[PDB]
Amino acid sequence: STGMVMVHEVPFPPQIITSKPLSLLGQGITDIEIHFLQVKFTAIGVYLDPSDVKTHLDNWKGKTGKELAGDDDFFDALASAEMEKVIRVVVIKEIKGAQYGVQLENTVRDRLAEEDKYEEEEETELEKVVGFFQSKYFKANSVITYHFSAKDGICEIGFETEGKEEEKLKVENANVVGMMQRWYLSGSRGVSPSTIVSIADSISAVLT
């Protein structure tokens, strides 16, 4: 309708409208070096409302993108902030959904255990997220979306692929929802350093 933003040759809508318009403030990819070369697995887009950024992260105004990208307290504040966020992930390298699911599980479980926040309630919820992804095949251009509610720690996961009606999963465990968000939104521990740098630069501009 209004064009698409190309993130590593993958189209992303400039905005996504939930309760209000959210702008693509962060973009990047997840990759791994194999045989001396960069292998791109997914393209990522993080959507936030600039007004929410101004309302909840005003304490970081004046900071440069470089300063924000190197500060985990900033990203913890972004994750803790009661404003919605949408994380859109498009598959570049086709893989079994289980590969993505177990990577998520590994990091989320490890971090929750580190904070002594991994009991049977969290384990059960996390297993449902893993089960959601393992029943799917990630063809290139398949889209995974994470919609984080502003409050009450809720996340709705969506999976869309050509030919099938979109599939969704509602996650309600606050600890799991919070750590899933931090899997992407983490200064030094984010799965996509490129997206982190991008978000930092955008928010710096928003607050400046």
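All residue numbers are counted from 1 along the displayed sequence.
Between 1-9 and 198-206, the higher mean Cα B-factor belongs to 1-9. Averaged over Cα atoms, the B-factor as recorded in the entry is higher for 154-162 than for the other of 26-34 and 154-162. For the set 143, 48, 69, 179, the PDB entry assigns the largest Cα B-factor to 69. Looking at 147, 40, 139, 56, the one whose CA carries the top B-factor in the deposited record is 56. In this PDB entry, residue 186 carries a Cα temperature factor that places it within the highest third of its chain's modelled residues. The deposited CA B-factor of residue 117 belongs to the highest third of values across its chain. Annotation for residue 80: C-alpha temperature factor in the highest third relative to the rest of the modelled chain, per the entry.
Residue 111: CA B factor lies in the highest third for its chain, per the PDB record.
Ranked within its chain, residue 74 lands in the highest third, by CA B factor from the PDB record.
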